[PDB]
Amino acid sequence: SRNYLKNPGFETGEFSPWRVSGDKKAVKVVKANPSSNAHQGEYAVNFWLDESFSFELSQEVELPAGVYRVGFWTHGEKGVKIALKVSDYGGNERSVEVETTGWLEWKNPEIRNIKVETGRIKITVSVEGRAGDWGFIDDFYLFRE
């Protein structure tokens, strides 16, 4: 299926056109080493800081009218709080909350059945880290159902 998110797996090694807000210093795009850390390809978003941190990773997409689903893949230190949110599509915001549970214990947050009526959507991932927390984010998808 066509994936409507741009640079959805960070495989350029760069964020663009994703935007980072909040504690930008906690988050980078890396060539995964070991490569296990990425869900697909060679690159992933990696976050870490030695003090508590809060950031958002987001991308806006203009879409043909239709019904969509979005998700991504993450793993990280046991206890990191991550949220996936969708907004601005015509209905109220929807979110999913996940906890990472340890290295390579992959989680796949997903929101389905999003009827896009405004011709656009905003995809936002929120990360709330404790001091020393870390994790990886990769392999976004935005598909028309």
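Start at 1 and count along the sequence shown; that's the residue number.
J.: Higher mean Cα B-factor in the deposited model: 88-96 or 45-53?
T.: The deposited B-factors put 88-96 ahead on the C-alpha mean.
J.: Using only C-alpha atoms and the B-factors in the entry, which stretch averages higher, 32-40 or 59-67?
T.: Between 59-67 and 32-40, it is 32-40 that shows the higher mean C-alpha B-factor.
J.: Could you place residue 116 in the lowest, middle or highest third of its chain by Cα temperature factor, using the values in the record?
T.: According to the entry, residue 116 has a C-alpha B-factor in the chain's lowest third.
J.: Test of reading the entry: by CA B factor among the chain's modelled residues, which third contains residue 129?
T.: As the PDB entry reports it, the C-alpha B-factor of residue 129 lands in the highest third of its chain.
J.: What third of its chain, lowest, middle or highest, does the C-alpha temperature factor of residue 17 fall into?
T.: For residue 17, the deposited C-alpha B-factor lands in the middle third.
J.: Considering only modelled residues of the same chain, in which third does the CA B-factor of residue 7 rank: lowest, middle or highest?
T.: Tercile = lowest for this residue's CA B-factor.
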